[PDB]
């Protein structure tokens, strides 16, 4: 599963820091080594290594053997989900959060929708009157997709899709080796 | 005993002055003015003390400096590091500075070649490691990342199933 080992190495590189990646490299071999061996070869501090191990165990990338004598090994495939969960997370940003129809009152800086217009209007003035501070409303655009500031992030997603495309392709080829 | 630690301190000072050339015990005892430390102490030093130390470099019928009798190549083993199934050696910067030359002169070339510095073992300490390749996506990385660490929250064989359906 060399491609999967590379695929795992790429996804962690984009994600994790180099400290985790360095622990991960000896681990990629999926060897029955313990913390002492990884401590001896790598020269990480015991507390710091264990923190990284705790982050990795919590992340569920690892399974262990307790003889006590303790031994650590990878489950390696919890990766398909890691890509799929992360994409989901990236999808929340991709899924519609614009909240179309959308005013805000500049005075109270509160936020409003189309639904609040039929009550925030006043016919004697022929214009919008806020609920308590009574002031005109003029569109919203608050914590919502807007001109370039958010759109740099939506583009970021546009940029993210080609970069994980080969990795999905990696996932696809891995789906062929699965028979093997 | 204490005269042997004075010899090891002189030999350590000889490398710090710039030299690892082998000397006889006499030439050491003369410079350090220990030539008259007593023939019994010179004999013990020659036939037990410079024999019980496994780190002494024996070369040219003489003894040389001092913590390494081998692998004083004063540059990183890149060739072992090429082999991703066996690549392994980051160490402590203090051993590498102790080995031969100051880090900085080598490092300017190395900062664009192989070296990575980690502030490990403590803020006063630095570990050196060899580096890598490119990332798996151009994103603010850390903002997105902190949201995508992910789903350690059960019913997850069922959250794979729920996505698949």
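Residue numbers (the entry's author numbering), protein chains in the order written: chain Q, 11 to 77, 92 to 204; chain R, 75 to 239. Heads up, the beta-carbon is just placed ideally off N, CA and C, and yes, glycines get one too.
Collapsed DSSP secondary structure at residue 193 of chain R in the structure displayed: coil
The stretch 53-70 of chain Q contacting the stretch 222-232 of chain R, beta-carbon criterion three pairs below 8 Å: yes
contact_flag[the stretch 181-199 of chain R, the stretch 11-18 of chain Q] where n(CB pairs < 8 Å) is 3 or more: Result no; under three Cβ-Cβ pairs closer than 8 Å.
Option in Q:119, Q:16, Q:155 and Q:100 with minimal Cα separation from residue 144 of chain Q: Q:155
Distance CB(residue 140 of chain R)-CB(residue 108 of chain R) smaller than 8 Å: no
Under 8 Å (Cβ pairs) to chain R, residues found in the stretch 49-74 of chain Q: 51, 52, 53, 54, 55, 58, 68, 69 and 70
Members of the stretch 120-135 of chain R near chain Q, C-beta cut-off 9 Å: none
Under the three-state DSSP convention, the category residue 75 of chain Q falls into: Three-state result, residue 75 of chain Q: strand.
Burial state of residue 104 of chain R, where buried means 16 or more other Cβ atoms lie within 10 Å: exposed
Interface partners of residue 212 of chain R on chain Q, CB under 7 Å: 183 and 187
Exposure of residue 30 of chain Q, with buried meaning 16 or more beta-carbon neighbours within 10 Å: Within a 10 Å sphere around the beta-carbon of residue 30 of chain Q sit 16 or more other beta-carbons, which makes this residue buried.
Any C-beta of chain Q under 8 Å from that of residue 80 of chain R: Under the 8 Å criterion on CB atoms, residue 80 of chain R is classed as non-interfacial with respect to chain Q.
Stretch pair the stretch 44-57 of chain Q + the stretch 123-138 of chain Q: three plus CB contacts closer than 8 Å: no
Helix, strand or coil at residue 112 of chain R [DSSP, three-state]: Note: residue 112 of chain R maps to coil in three-state DSSP.
Cβ of residue 180 of chain Q within 8 Å of any chain R Cβ: yes
Close beta carbons around residue 142 of chain R, own chain, < 8 Å, minus the five adjacent residues each side: 129, 131 and 173
In chain order, each beta strand (DSSP E) run of at least 3 residues that lies wholly inside the stretch 154-213 of chain R: Correct list: 189-192 and 201-204.
Length of the line joining the Cα atoms of residue 225 of chain R and residue 170 of chain Q: 30 Å
Contact residues within the stretch 94-116 of chain Q, judged by C-beta distance below 7 Å to chain R: 105, 106, 108, 109, 110, 113 and 114
Continuous alpha helix (DSSP H) stretch holding residue 131 of chain R: start and end: Not the alpha helix (DSSP H): residue 131 of chain R falls in the beta strand (DSSP E), residues 131-133.
Residues near residue 162 of chain Q in its chain [Cβ-Cβ closer than 8 Å; skip 5 each side]: Around residue 162 of chain Q: 127, 128 and 130.
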